[PDB]
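Fold and contact review
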Amino acid sequence: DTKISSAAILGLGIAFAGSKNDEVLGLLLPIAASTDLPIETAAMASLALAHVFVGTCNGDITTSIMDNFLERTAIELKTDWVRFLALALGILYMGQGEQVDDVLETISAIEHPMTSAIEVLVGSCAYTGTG
Amino acid sequence: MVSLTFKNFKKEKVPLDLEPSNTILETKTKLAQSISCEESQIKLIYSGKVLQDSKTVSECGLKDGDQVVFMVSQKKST
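- For this coordinate set, the PDB header names solution NMR as the determination method.

Here it is in structure tokens:
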């Protein structure tokens, strides 16, 4: 009873792991926030990327993801979603990554619609500083 | 002859020269003609306070040789 959608992102998921070049991202990232594609496939694709670049890291990725947090209407699904989304925007930085500083700076700055909860979340837990 | 620095998100500085009169419209235009990105997506912020195209530099609260916060978007915007 597997869906065809999941079967898709799945296959590709194993593809990237077969080539960590700058092309995959040069096409994926952009599509993650091109025109105005449904926040459905877009979100799912967001987890596939992070899962791959789990080891690597980049700010640009946070640039597009940020713009999304804004236009975020949540008018679609309103049940269990902040968790996952929060994870990425969070785990994305386990430690040693000033990038987090530049983030909270933008998030909060850009008014305060519905990102406070996430602001305090990533705010407290961040630079683990593993001695 | 005030020269400020516009930082994006990668912690990069983009020096720019303006005047008490010059407004965000122009700073946005230049900052866009410097990096090669349209100002229709750019977000000219100021100390975590997204400025406004309706505010000049004097109103922005900037001074001689300061720092401005900004960011670029991906939406081409119609």
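From this point on, the discussion continues.
1. Some words on the overall build of chain B
- Scanning chain B from N- to C-terminus turns up 2 helices and 4 strands.
- Helices and strands appear in chain B in the N-to-C order β-β-α-β-α-β.
- Against the globule reference of 12 Å for 78 residues, chain B gives a C-alpha radius of gyration of 11 Å, in line with a compact fold.
- If you line up chain B on its principal axes, its C-alpha atoms span 30 × 25 × 20 Å.

2. With respect to the environment of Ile42 of chain B
Residue and element names in this part refer to chain B.
- Note on placement: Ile42 falls in the loop between α1 (24–35) and β3 (43–45).
- Residue classification places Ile42 among the buried residues on the basis of a relative accessible area of 3%.
- A sequence separation of 10 residues divides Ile42 from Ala32, and the C-alpha atoms of the two residues are 7.8 Å apart.
- The contacts of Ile42, once residues within four sequence positions are left out, are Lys28, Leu31, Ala32, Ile35, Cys37, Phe70, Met71, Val72 and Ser73.

3. Some points on the pairing of strand β4 (residues 67–71) of chain B
All names here are of chain B.
- Of all 5 residues that make up β4, 4 are buried, and the element is covered over most of its length.
- Alignment of strand β1 (residues 2–7) against β4, held across 3 bridges, turns out to be parallel. Bridging across to β4, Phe6 finds its partner in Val68.
- In this structure, β3 lies alongside β4, joined through 3 bridges in antiparallel fashion. Within the sheet, the bridge partner assigned to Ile45 lies in β4 and is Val69.

4. Quick notes on the interface of chain A and chain B
- Facing the 19 residues of chain A at the interface are 15 residues of chain B.
- Our count for the chain A to chain B interface comes out at 9 salt bridges.
- Notably, a salt bridge pairs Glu98 of chain A with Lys11 of chain B, separated by 3.0 Å at the nearest N-O pair.
- Connecting chain A to chain B are 10 residue pairs in polar contact.
- Top element by residues in the side of chain A that touches chain B is helix α4 (residues 60–71) of chain A. It accounts for 8 residues.
- Of the residues that constitute the side of chain A that touches chain B, the class distribution is 5 nonpolar, 6 polar and 8 charged.

5. A short note on the pairing of strand β2 (residues 13–18) of chain B
Residues and elements named next belong to chain B.
- Residues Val14, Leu16 and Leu18 point to one face of β2 and are all buried, whereas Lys13, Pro15 and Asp17, pointing to the other face, are not buried.
- Pairing between β1 and β2: 6 bridges, direction antiparallel. Paired with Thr5 across the two strands is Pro15, which belongs to β2.
- The hairpin formed by β1 and β2 contains 5 residues between the paired strands, and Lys11 there has a positive phi angle of roughly 65°.

Parameters and conventions
- Numbers given to residues start from 1 along each chain, in the order its sequence is written, and need not follow the entry; residues that have no coordinates are not shown.
- Here chains are named by letter from A upward and ligands by number from 1 upward, in the order in which they appear as written.
- Here the side-chain values reflect all heavy atoms present in the structure, with hydrogen atoms and water set aside.
- Going along the chain from the N terminus, every DSSP run of H or I of four or more residues is numbered as a helix, and every run of E of two or more is numbered as a strand.
- Restricting the calculation to C-alpha atoms gives the radius of gyration, and the globule rule supplies 2.2 Å times the number of residues raised to the power 0.38.
- Remark: exposure states derive from per-residue accessible area (1.4 Å probe, protein chains only) relative to the maximum for the residue type, with buried under 20%, exposed over 50%, and partly exposed in between.
- Contacts are residue-level and defined by heavy atoms, with any inter-residue pair within 4.5 Å sufficient.
- Should DSSP find at least two bridges between two strands, the strands are regarded as paired.
- Salt bridges are defined as contacts in which a side-chain nitrogen from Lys or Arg sits within 4 Å of a carboxyl oxygen from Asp or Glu.
- Pairs of N or O atoms within 3.5 Å make up the polar contacts considered here, provided that, within protein, one atom can donate a hydrogen while the other can accept it, and that residues adjacent in sequence are counted only when both atoms are side-chain atoms.
- Each residue gets one of three labels, nonpolar for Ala, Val, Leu, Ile, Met, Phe, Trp, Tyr, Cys and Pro, charged for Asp, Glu, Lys and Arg, and polar for the others, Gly among them.

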